[PDB]
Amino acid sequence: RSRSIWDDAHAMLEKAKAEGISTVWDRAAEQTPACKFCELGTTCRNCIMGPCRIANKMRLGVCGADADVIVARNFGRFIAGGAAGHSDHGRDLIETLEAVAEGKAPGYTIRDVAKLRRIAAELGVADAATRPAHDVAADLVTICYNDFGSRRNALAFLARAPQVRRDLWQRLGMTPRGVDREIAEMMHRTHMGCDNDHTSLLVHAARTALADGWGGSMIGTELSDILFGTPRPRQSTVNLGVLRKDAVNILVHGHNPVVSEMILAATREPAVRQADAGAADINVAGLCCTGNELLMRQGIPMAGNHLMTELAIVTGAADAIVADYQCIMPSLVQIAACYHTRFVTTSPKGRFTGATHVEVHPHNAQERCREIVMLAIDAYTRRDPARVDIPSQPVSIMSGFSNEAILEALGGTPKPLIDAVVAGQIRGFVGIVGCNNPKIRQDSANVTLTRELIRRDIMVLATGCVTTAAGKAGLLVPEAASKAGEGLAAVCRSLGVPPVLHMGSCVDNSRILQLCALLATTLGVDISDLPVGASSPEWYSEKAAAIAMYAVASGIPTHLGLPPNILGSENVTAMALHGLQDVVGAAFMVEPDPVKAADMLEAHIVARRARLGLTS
């Protein structure tokens, strides 16, 4: 009850305890209270002269490092881990398009040639409009790979940012030069006896996160649309009720659409769908970011977010989990073992001990994904009928709101959206990026903050876990306009869109940057002048901090529900919470109270409205 706000989670948690199955909430209590030095960030294991803990003797490390350097180093490596997670996903997308471009990817094509030509033209490919698509693709592959090289002075997509913003980064030393390069430079700087200035460390951490948002994640988003289709607005369902008792239930979990879109195509094969075991159909449901993206591009229903993954298996109806990499809890392998579920992994980078590994690459995806769906149809026969309990009834959601889709709904230009903001019908925009964290009652903060913002005529752009949260709350449909303020509801009914726009997965947060950059460029101001905000009310992962860091560094005020492990240095904390405002035009806000967070987000939005000479 205190663990989650959802009845489907409640039913599955009670089912888990009766079956003696330990959940992520059960293990969170074992690790609470946690280590104070680890919680403060005042611990360092970067060499075997240590480990060192800073006290308040023990003021410095053995090498002489103070709490400032130690805390900043840990935080840069935290960000580097998150940027690395997106970086590799984007590299994987580059490899796939090259396989298509070279004609070495059976079942893969370029779904959105129009976007390919536009992106290629945008990044400087000559005659991208009229040359053969595979050549245009190959040239774009080269540009992207160069951003994963070490000879650029700035990443390709950075030109989307307003000039004032690009000039600021260059002056500050923040211009991201290469995706992998900045990750390595961060790891270099955090080695003993290298960067021992907390400001320089935070600057490069900002540089590293910008290499994600304007590099790794952005390449990942745009190539995904090129290969799998650009999302259009569409209807679907959410919650554990997406699982059908009468169908073979395949759950795609992780991030890579290269796999999940091939799992979907294999289930649509005539020979596979024919398989014969008491199967009414082959039901595919989404999890995590690969589910978000399958929802965006295919309308496939989503079973749940981060904390719903273990409870999805406990239902007794998950026949298989097809996983790749990132945010896939290893406990899934043990819980699936308690049932019949075949836990299948597909990435060479995402290995789990005890799993069934069927490695998927573009050259063998069609045959391997077809083999995987047969493993699931086999597992559907061994499912115990006694231990099945699908809790809830699914909820309708609308999804597929890319920037392409938003502009289409606005008639082609951002001016109607702009005009609504100048009038005050839409007072501002807040991108909510949150995850789930067992330290917070599940989706309470996410849904509460979302409800507050739309009540104040502030449009919410949702990605990641908040998608399942707002969707379960009925906020992802046009009819949710009745829960928004008069001005925002007026806009939404005019556009036929919900007051919360689902823009995709964690990688797709680059869409929010692209949108902010477009509005800033259209108006001739910096992103730090737009009435925008970002929130991660229930974040947990390195990727969330990398996202939060690149939002702040791009001019977007960013709220965090839980603090990072940096409180052990008040200097680092003050830089993140206040000092960054003077440097990059935005800052971090830490607030566990979602209502106070709405006040803080709205206050900044109001302030930027006044700087534009507008009424709030």
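Here, rigid core means the biggest group of C-alpha atoms that superpose within 1.5 Å across both forms. Position 1 is the first residue in the sequence shown; the rest follow in order.
Averaged as a root mean square over residues and superposed structures in 5 other deposited structures of this protein, CA distances to the shown form are larger in 434 to 442; the pair compared was 434 to 442 and 141 to 149 with a core fit. In the deposited entry, the stretch joining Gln31 to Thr32 is continuous, with no residue of the deposited sequence left without coordinates.
Unmodelled deposited residues between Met187 and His188: none, per the record. Per the PDB record, of the two stretches 140 to 148 and 356 to 364, 356 to 364 carries the greater mean B-factor over its C-alpha atoms. The question of which stretch, 570 to 578 or 584 to 592, has the higher mean Cα B factor is settled in favour of 570 to 578. The PDB entry gives the largest Cα B-factor of the residues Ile426, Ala247, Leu495, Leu519 to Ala247. Within the listed group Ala445, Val203, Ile79, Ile377, the record reports its top CA B-factor for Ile377. Per-chain ranking of the deposited C-alpha B factor places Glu95 in the lowest third. Per the deposited record, the Cα B-factor of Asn403 falls in the lowest third when ranked against the other modelled residues of its chain. In the deposited entry, the Cα temperature factor of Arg342 places it in the highest third of its chain's modelled residues. For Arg3, the recorded CA B-factor ranks within the highest third of the chain. Only modelled residues enter the ranking. Ranked by C-alpha B-factor against the other modelled residues of its chain, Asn56 falls in the highest third.
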